[PDB]
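Only one chain comes next, encoded as structure tokens, the form deposited in one PDB entry.
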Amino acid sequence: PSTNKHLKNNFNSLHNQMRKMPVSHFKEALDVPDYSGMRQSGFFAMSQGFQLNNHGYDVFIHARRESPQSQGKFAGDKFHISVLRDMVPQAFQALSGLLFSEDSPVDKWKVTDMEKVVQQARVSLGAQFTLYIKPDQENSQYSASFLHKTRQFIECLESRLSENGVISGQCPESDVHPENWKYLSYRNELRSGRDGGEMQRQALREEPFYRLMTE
């Protein structure tokens, strides 16, 4: 059973299992680079077990856990965080403790390097952070506990940004999000494109992963 099919077949059950779990705690990493430090990554740097680099092919600074915590194969689920462009450094500082946390469910993420930007309004005026999520089990299926941890993490990011006074940016038309998410948005890259549209958004709202994160 594919990752997506497994979620679809067990939706209500997973949904009910998640509802009984306790608050997820994320120990915040203190010795972490600030936005400027991230840009200093170059060809290689390490921090809190995350390999860092910003050497060149794209407009982002990359972060990947050396010892991954999710053993399944990537199934396309990813999030974006949109804030005012000039607030990216502040937003990064507000979220670094969580992004580098030894308890974070995100093994891989990226943030736009504002100095490398050309005319990519999509990831500069919005969607400046990208979070990759992958099934935790070796069999590539999501466990209810991991889904809960992931939803709790995303809600933690939302709380942290609001608590720091960050203002939302331009949400990518390729993504979908409930009214209560002011900065976060979602899309599955295996079943959607970076080019938004009402058709795509209506299709994304039925993704079982998205439904488990919002309903």
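Each residue number is its position in the shown sequence, starting from 1. Residues that one form lacks are left out of the comparison. What we label the rigid core is the largest C-alpha set whose atoms superpose within 1.5 Å from one form to the other.
Below, we turn to the form deposited in another entry, even though it does not appear here.
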Of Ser145, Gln93, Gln137, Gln120, which one's CA moves 2 Å or more between the shown form and the other one, core aligned? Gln120
Core-superposed comparison between the shown form and the other one, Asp195 Cα displacement 2 Å or beyond: yes
Versus the form shown, are the CA atoms of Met199 and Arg194 closer or farther apart in that other deposited form, given a shift of 3 angstroms or more? closer
Since the C-alpha distance between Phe92 and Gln119 changes by 3 Å or more in that other deposited form, give its direction relative to the shown form: closer or farther. closer
After superposing on the rigid core, which segments of 3 or more consecutive residues have every C-alpha shifted by 2 Å or more between the shown form and the other one? 56 to 58, 118 to 123, 193 to 196
